Amino acid sequence: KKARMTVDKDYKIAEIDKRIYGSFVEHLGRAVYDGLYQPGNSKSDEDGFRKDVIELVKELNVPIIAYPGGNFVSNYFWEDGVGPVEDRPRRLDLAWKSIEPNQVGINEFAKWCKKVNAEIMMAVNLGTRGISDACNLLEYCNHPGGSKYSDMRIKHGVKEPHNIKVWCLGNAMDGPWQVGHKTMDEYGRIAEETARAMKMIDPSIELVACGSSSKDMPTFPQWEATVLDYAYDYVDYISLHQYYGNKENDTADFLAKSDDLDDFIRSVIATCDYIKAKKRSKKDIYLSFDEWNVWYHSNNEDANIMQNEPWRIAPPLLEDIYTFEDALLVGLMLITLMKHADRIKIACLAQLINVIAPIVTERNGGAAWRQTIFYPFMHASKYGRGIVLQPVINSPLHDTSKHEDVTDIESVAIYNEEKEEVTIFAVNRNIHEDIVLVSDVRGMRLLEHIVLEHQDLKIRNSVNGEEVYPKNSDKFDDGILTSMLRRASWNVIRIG
Amino acid sequence: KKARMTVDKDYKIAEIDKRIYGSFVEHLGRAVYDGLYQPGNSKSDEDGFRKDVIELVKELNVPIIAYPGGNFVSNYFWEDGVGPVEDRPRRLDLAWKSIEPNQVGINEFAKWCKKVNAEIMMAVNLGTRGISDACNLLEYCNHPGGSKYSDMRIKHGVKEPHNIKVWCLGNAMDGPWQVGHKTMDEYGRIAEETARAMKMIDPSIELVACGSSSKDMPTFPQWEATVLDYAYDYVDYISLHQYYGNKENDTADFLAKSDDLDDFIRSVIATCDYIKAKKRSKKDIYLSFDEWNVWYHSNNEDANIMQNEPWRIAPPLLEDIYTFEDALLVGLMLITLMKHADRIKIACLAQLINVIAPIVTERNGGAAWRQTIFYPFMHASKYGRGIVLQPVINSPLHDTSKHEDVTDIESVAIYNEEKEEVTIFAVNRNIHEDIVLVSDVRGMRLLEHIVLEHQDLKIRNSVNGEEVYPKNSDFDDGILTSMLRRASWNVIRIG
Amino acid sequence: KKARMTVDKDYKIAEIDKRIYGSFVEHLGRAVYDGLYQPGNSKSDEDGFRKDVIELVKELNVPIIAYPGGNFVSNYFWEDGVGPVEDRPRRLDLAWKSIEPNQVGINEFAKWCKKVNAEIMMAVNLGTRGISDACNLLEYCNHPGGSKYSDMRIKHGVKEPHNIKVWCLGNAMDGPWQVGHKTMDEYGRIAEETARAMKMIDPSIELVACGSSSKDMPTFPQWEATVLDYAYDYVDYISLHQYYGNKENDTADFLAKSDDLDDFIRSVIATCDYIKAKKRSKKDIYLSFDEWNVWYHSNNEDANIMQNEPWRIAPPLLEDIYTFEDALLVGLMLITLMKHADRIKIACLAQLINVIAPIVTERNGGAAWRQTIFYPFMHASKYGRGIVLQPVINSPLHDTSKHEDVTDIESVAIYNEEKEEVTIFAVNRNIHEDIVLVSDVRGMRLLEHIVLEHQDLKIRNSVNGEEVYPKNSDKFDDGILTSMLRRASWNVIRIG
């Protein structure tokens with residue numbers, strides 16, 4: 001019933017990189033086609049982009065979006081998606097057994113990102129292509145003009161370079177389901193050489209080396225160590241991928257899964273710091289969590305489409321319909337991410353549109369709507385720009401199914417000294433009993449207390465109405481912030 | 001004196017896979033140009049195909065043909081051989097030091113394979129190309145339409161996909177004479193990733209991984225083990241290559257070399273079975289004997305065309321003219337292939353037309369004749385489909401200059417249940433004494449007893465006529481008695 | 001004061017291969033553009049070649065010229081430099097942060113090599129390209145016709161094949177500044193297979209395997225050993241790179257650095273013969289010393305041009321202006337090369353035009369003048385064709401700051417049996433004392449004593465006049481030569 005945390009400004013973690021509120025669009029399912037891009041639609045614009053989708057993205061204020069994959073990138077030929085659209089070919093997308101029509105390519109997607117106030121984090125193909133092709137694409141995007149590929153971009157209609165700031169050296173390739181699968185030293189060598197070459201063309205870019213496809217691979221985390229060992233002096237980030245599912249239908253354990261997330265982040269840092277000592281380097285590899293979400297609902301329908309109905313265009317893949325308990329675990333993951341904002345400078349919600357996404361448009365031109373997970377994200381990205389304060393918290397515990405000593409209240413404070421405000425993000429992961437959590441504000445005025453609750457953990461949103469939406473309204477005035485957060489709740493208590 | 005055999009239909013070995021009667025055409029010498037393809041010739045059809053060759057091929061009944069290499073494929077660019085013929089380039093063929101005009105490519109050779117009732121086994125270049133090129137070729141050949149390379153095929157005039165069923169992951173690259181030479185780990189890695197990507201485009205194909213170039217390579221059989229260890233769950237066959245010759249003209253030792261072939265097959269099976277336990281797999285790798293023949297006659301001649309007359313188009317390379325004793329070895333080799341039909345599911349007599357071949361056309365535009373080796377192959381492909389019963393044989397034994405305890409008789413029974421026939425193939429490789437064969441059929445009415453025999457082992461065939469060719473020869477109750485002339489091939493039948 | 005040698009015409013070392021007087025033109029700085037190739041110049045022929053530049057090269061009697069790199073080749077795409085000039089693209093040159101216009105390419109540079117009576121020694125890109133592009137280019141240059149790339153050369157207006165005799169399998173790729181950098185095992189395998197395939201196209205070419213980028217790399221000499229261990233049977237040469245500098249400004253220690261050159265050559269020979277024993281081969285690998293010179297003046301300026309002013313065409317990179325002491329080390333190095341003529345069969349002064357060069361043209365279109373180092377190379381290339389005899393010399397030794405027991409008089413004698421003359425090359429690298437050179441010629445009349453001396457060890461040349469030049473100055477009875485050698489002098493004594 002009683003849980004307590006000291007809040008000290010003078011005990012920071014770090015400042016938040018706005019790029020931790022990033023997302024991800026893969027040429028996958030209906031993310032692009034019958035997704036953000038619907039050229040005939042009445043809700044679309046000059047370029048065929050759905051204007052309603054643009055606004056919901058803008059509501060999320062995402063600064064950076066990873067593109068174009070993902071597994072799709074490992075067998076993608078960027079030239080296929082540029083130039084006169086009537087000459088762009090159709091290709092087999094081996095990853096998702098689909099036909100890519102390439103109507104959207106680099107320059108279309110670059111426009112879309114401007115309209116949503118975002119920047120591209122661009123992946124290159126290092127599965128079936130290599131060094132010279134990454135150099136070609138980089139020059140096309142970033143070099144002003146006067147050379148083969150920059151002039152060819154100008155010719156395609158983009159006079160100024162896109163100047164993409166962050167690039168991913170391929171996509172994770174440790175798995176047998178991935179075209180262009182590599183051993184960890186193979187990937188290490190090609191990542192090193194691509195990054196060396198790319199930095200000669202544009203030394204102001206930042207480079208992400210790929211980690212394991214998941215923490216469960218037998219090659220994690222040696223893969224991460226081997227790659228950094230080769231490429232350390234040319235790369236700035238390593239990537240983590242993590243998804244959670246509630247296929248066991250065990251809401252107790254499900255929301256304890258953010259503790260495995262904390263374990264995972266820590267050992268990736270440990271691996272980074274080990275290679276740092278080995279190189280005697282002053283640089284710190286930063287973490288780029290470029291794939292994270294809840295993902296389990298649409299598993300079976302997805303393996304029916306592949307391979308019973310393969311080589312369709314924009315099949316309805318990975319269409320998880322999210323519940324309210326999912327939006328809790330999403331908020332728990334965001335808290336865990338903010339709590340590690342000293343090393344995690346990029347993170348991408350996978351994915352942005354239609355595909356395990358917070359934004360859905362109905363098939364065949366349908367309307368757009370917000371999934372449950374839309375809201376815990378929109379809060380974090382809105383009230384989360386500031387400085388993380390260390391979490392010194394005493395909160396009761398509980399066992400769950402297959403997790404022990406599991407905290408009942410996870411929380412983090414963010415002090416925007418910039419324009420006086422402290423925001424507390426807190427989740428009661430006890431699904432039974434409410435708990436009252438106050439906060440010894442040792443420093444600094446109760447603003448509001450937005451909440452996200454429902455008695456039906458399995459309720460969903462839909463094009464016919466949101467059953468999960470922020471309601472500001474709840475229960476401090478002295479120096480000792482007193483709040484009680486209902487069981488299975490997500491709250492953003494603000495203080496000014 | 002006599003040799004005894006029991007044959008009974010309950011004691012089976014395997015159903016012969018019909019693809020052990022396939023063959024092989026490389027862009028090599030006169031196999032294609034001045035061979036199966038002579039476009040302005042009175043004997044060729046519109047497409048340019050010698051019809052006498054087309055008809056000779058159909059007599060062999062070969063259901064699958066390996067194309068287009070062989071060493072040639074290790075530096076071939078398949079785009080050179082498709083589309084507007086006027087626009088195809090001439091390329092240096094480094095394997096055989098020739099010029100390749102590329103008038104025959106995929107769509108031509110596919111057309112020709114229709115007219116001989118045969119399928120293609122397609123090799124891709126993994127010598128100097130890799131994954132994405134194999135994926136383009138497979139898409140071009142097997143994807144229906146609606147994609148860049150499927151459409152490009154349609155646009156080249158083949159509306160329906162060739163739907164090739166078996167592919168070869170490169171060609172043997174373990175040798176210092178080959179372009180694109182690899183170590184065993186390089187090849188394993190490249191075989192694995194090509195196989196994986198190919199099965200995503202068309203999961204219905206079968207894939208062949210290349211063995212050693214020959215069992216005499218120091219890296220045999222570790223190459224086979226390394227490749228299958230990498231590629232096991234993505235490939236269906238491992239390949240074998242064997243050739244024999246008689247440069248030391250010792251006909252007895254020569255005819256004993258089928259014992260070597262058998263040992264080679266067994267060693268490859270054990271290698272497969274070892275890696276299978278390593279993987280804890282329920283799957284067996286199957287064997288593809290996609291290069292086998294007699295090969296030695298033309299060696300000096302080919303060494304003079306290389307290196308004194310390079311960069312010809314259609315030089316007469318590898319033009320072995322086979323003797324009667326070569327046909328005997330080929331017959332023993334087929335019998336051995338038949339005895340291992342439980343693991344060997346594809347085999348390719350190398351090669352089909354003019355190049356170490358059973359079908360010949362005389363240089364510069366006309367001939368078409370049958371070599372000595374033509375006939376034991378034709379018989380086997382004819383009366384060899386069915387189920388192999390194992391041989392329960394006790395036959396006399398002899399030594400030779402380099403072999404010990406060689407059976408004087410070697411044989412095998414094939415029972416086509418859809419014909420209530422049981423064909424027996426036997427070679428008496430006692431080159432001196434004849435032998436009579438007692439075959440306790442526990443069946444089950446004789447229909448014929450074909451034979452291939454000649455007094456001089458060194459006799460050849462020619463455009464002038466066939467000195468060697470099948471003739472007739474010579475069962476009552478539970479036994480059938482058949483005498484086998486010394487140094488002879490025998491096809492005996494039951495009904 | 002006294003330091004002597006005997007000169008027996010049959011204590012022989014070996015005959016001189018004239019290709020040890022070769023050189024090197026890279027697409028670097030002003031070597032080509034605004035150097036040997038200036039189209040609208042009054043001093044240029046109709047093909048845009050500077051005529052005075054042609055004359056000075058012909059003066060140095062350079063039989064073979066390495067082209068087009070150097071680091072440049074490791075990202076070069078040869079197709080960009082052939083066919084109609086208007087269809088040639090501009091490329092980023094990652095090695096030297098320049099724009100490469102490709103107005104000169106291979107067919108132009110083959111024409112210029114005719115005009116200077118030299119042959120191309122051709123390097124193929126093994127950095128970002130491999131076997132099949134080496135074959136393409138070899139076929140283009142050396143195949144008569146009737147195949148795709150030979151007919152493409154014909155159709156570009158060169159009917160006869162260039163028939164290039166010596167190819168370099170890439171360039172040094174052991175350095176972290178090099179595009180396409182490779183481990184020694186990666187390089188040895190691609191050199192092995194490229195050589196194998198090229199020898200099948202043209203068995204009469206010779207091939208050089210690349211050695212270490214310098215003797216200071218931690219991987220030297222194992223790099224050389226590994227690559228020779230893969231490719232022994234398909235290659236004829238291993239290459240060495242050497243540069244010296246005088247940033248310490250210790251003119252005594254400076255001129256003793258030719259002792260280090262000598263130790264270095266011996267190291268590479270020892271490595272070769274170790275691999276010979278290992279292969280049980282009858283063949284000796286010969287040495288291609290395809291990069292040597294003094295280089296250190298322009299270091300600071302060069303680092304400014306990149307990256308302060310990157311992506312210029314023909315920036316003034318590596319425009320060392322050499323002093324007289326620089327020319328004595330060049331003469332001491334030429335003497336050391338001659339002494340190892342039994343193994344060293346090719347050598348390239350790096351480089352020929354403007355880029356650390358003996359021939360300079362003033363920026364923006366006109367000059368042509370000879371640097372200090374022009375003359376010792378000019379002498380050695382002219383009188384140093386013959387047979388190297390073993391120098392048995394007793395000379396006083398001195399110490400220097402970093403060297404011990406350093407010879408005062410470095411000498412060697414070349415005997416041309418045709419011309420009945422014998423040429424002796426000698427350098428007094430004692431900068432203080434004067435010394436005499438008798439020379440017991442156990443041959444057996446005097447004919448000349450050409451000399452390079454100067455008061456100022458730092459005097460340079462310029463477009464305003466050659467402060468350093470050969471003077472028929474200086475002044476043999478029965479069969480005993482005797483000649484005096486001033487401090488810090490280069491002397492060429494001739495007997496006939």
Side-chain angles (χ1 to χ4, degrees), chain A residues 131-132 193 196-197 200, chain C residues 22-29 31-32 64-78 81 91 93-98 100 105-106 109 120-131 133-134 137-138 164 166-184 186-195 198 206-217 219-220 223-224 226-228 230-231 235-243 268 287-293 295 317-318 346-352 355-356:
Chain A
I131 299 161
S132 76
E193 289 328 313
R196 186 193 322 281
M200 323 207 173
Chain C
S23 194
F24 175 26
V25 165
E26 176 162 14
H27 282 239
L28 206 179
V32 180
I64 196 179
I65 291 170
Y67 181 78
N71 294 328
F72 171 87
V73 81
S74 298
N75 193 36
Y76 180 59
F77 288 79
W78 68 272
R91 302 306 305 266
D93 165 29
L94 278 56
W96 307 110
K97 295 285 155 8
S98 307
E100 172 60 40
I106 173 186
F109 188 82
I120 314 196
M121 168 164 74
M122 191 62 103
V124 313
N125 179 343
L126 291 186
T128 57
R129 302 179 102 189
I131 308 182
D133 305 302
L137 179 60
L138 169 64
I164 292 145
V166 182
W167 303 70
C168 292
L169 291 173
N171 195 58
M173 316 187 244
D174 57 2
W177 61 89
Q178 269 149 349
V179 190
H181 148 81
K182 297 203 154 50
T183 67
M184 64 187 82
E186 278 165 13
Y187 176 62
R189 285 280 312 125
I190 183 187
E192 178 185 359
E193 302 305 323
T194 298
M198 273 161 92
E206 296 184 302
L207 298 154
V208 3
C210 286
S212 269
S213 65
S214 86
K215 70 171 293 172
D216 300 315
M217 293 310 280
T219 52
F220 165 93
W223 178 281
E224 279 80 0
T226 305
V227 175
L228 285 177
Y230 283 106
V235 313
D236 313 276
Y237 306 93
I238 190 62
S239 78
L240 314 83
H241 294 4
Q242 247 303 359
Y243 298 99
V268 170
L287 268 65
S288 172
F289 212 129
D290 67 346
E291 253 183 61
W292 68 276
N293 201 345
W295 168 16
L317 298 163
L318 293 103
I346 298 175
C348 300
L349 174 70
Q351 309 191 12
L352 191 49
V355 172
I356 41 168

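Hydrogens, waters and symmetry mates are skipped; everything else that's a heavy atom, side chains included, is used. Residue numbering restarts at 1 for every chain, and letters A, B, ... go by the order of the sequence lines.
- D216(C) contributes atom CG, which lies 7.5 Å from atom CD of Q242(C) (distance to the nearest 0.5 angstrom).
- In this structure a side-chain-to-backbone donor-acceptor pair under 3.5 Å is missing from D290(C) to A347(C).
- Not counting sequence neighbours, the partners of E206(C) by the side chain to side chain donor-acceptor pair (under 3.5 Å) test are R19(C), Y237(C).
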side-chain contact (heavy atoms from CB on, under 4.5 Å) evaluation trace for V32(C) with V25(C): CA-CA 8 Å; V32(C) 180; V25(C) 165; 4.0 Å; yes
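- Atom CG of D236(C) is separated from atom OG of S288(C) by 10.5 Å, given to the nearest 0.5 angstrom.
- The minimum heavy-atom distance between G69(C) and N171(C), with the atom names listed, is C-OD1, 4.2 Å.
- Side-chain atoms of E224(C) never come within 3.5 Å of backbone atoms of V268(C) as a donor-acceptor pair (strictly under, hydrogens ignored).
- Applying the ring-ring contact (aromatic ring centres under 6.0 Å, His included) rule to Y67(C) yields the partners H27(C), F109(C); only residues at least two apart in sequence or on another chain are considered.
- Listed by chain and residue number, nothing satisfies the side chain to side chain donor-acceptor pair (under 3.5 Å) test with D93(C) (two or more places apart in sequence, or in another chain).
- A side-chain N or O of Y243(C) and one of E291(C) form a donor-acceptor pair less than 3.5 Å apart.
- Between the side chain of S23(C) and the backbone N or O of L349(C), at least one donor-acceptor pair lies under 3.5 Å.
- For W223(C) and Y187(C), the gap between ring centers is short of 6.0 Å.
- Side chain of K182(C) to backbone of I190(C): no donor-acceptor contact under 3.5 angstrom is found.
- Contacts of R91(C) classified as side chain to side chain donor-acceptor pair (under 3.5 Å), with partners at least two apart in sequence or in another chain: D80(C).
- Listed by chain and residue number, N71(C) satisfy the side chain to side chain donor-acceptor pair (under 3.5 Å) test with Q178(C) (two or more places apart in sequence, or in another chain).
- A distance of 5.0 Å separates CG in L352(C) from CD1 in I65(C), rounded to the nearest 0.5 Å.
- Checking each of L240(C), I346(C), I238(C) against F289(C) for a side chain to side chain contact (heavy atoms under 4.5 Å, CB included) leaves exactly one that passes, namely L240(C).
- Checking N125(C), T128(C), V73(C) one by one against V179(C), the side chain to side chain contact (heavy atoms under 4.5 Å, CB included) holds for a single residue, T128(C).
- Atom CD1 in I356(C) sits 11.0 Å away from atom CG in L317(C) (nearest 0.5 Å).
- Partners of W167(C) under the ring-ring contact (aromatic ring centres under 6.0 Å, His included) rule, at least two apart in sequence or in another chain, do not exist in this structure.
- Here the shortest heavy-atom pairing between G180(C) and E193(A) reads C-OE1, 4.3 Å.
- Once rounded to the nearest 0.5 Å, the distance linking CH2 of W177(C) with OG of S213(C) reads 4.0 Å.
- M173(C) contributes atom CE, which lies 10.5 Å from atom OG1 of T183(C) (distance to the nearest 0.5 angstrom).
- In this structure, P176(C) and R196(A) have side chains that are in contact, with non-hydrogen atoms separated by less than 4.5 Å.
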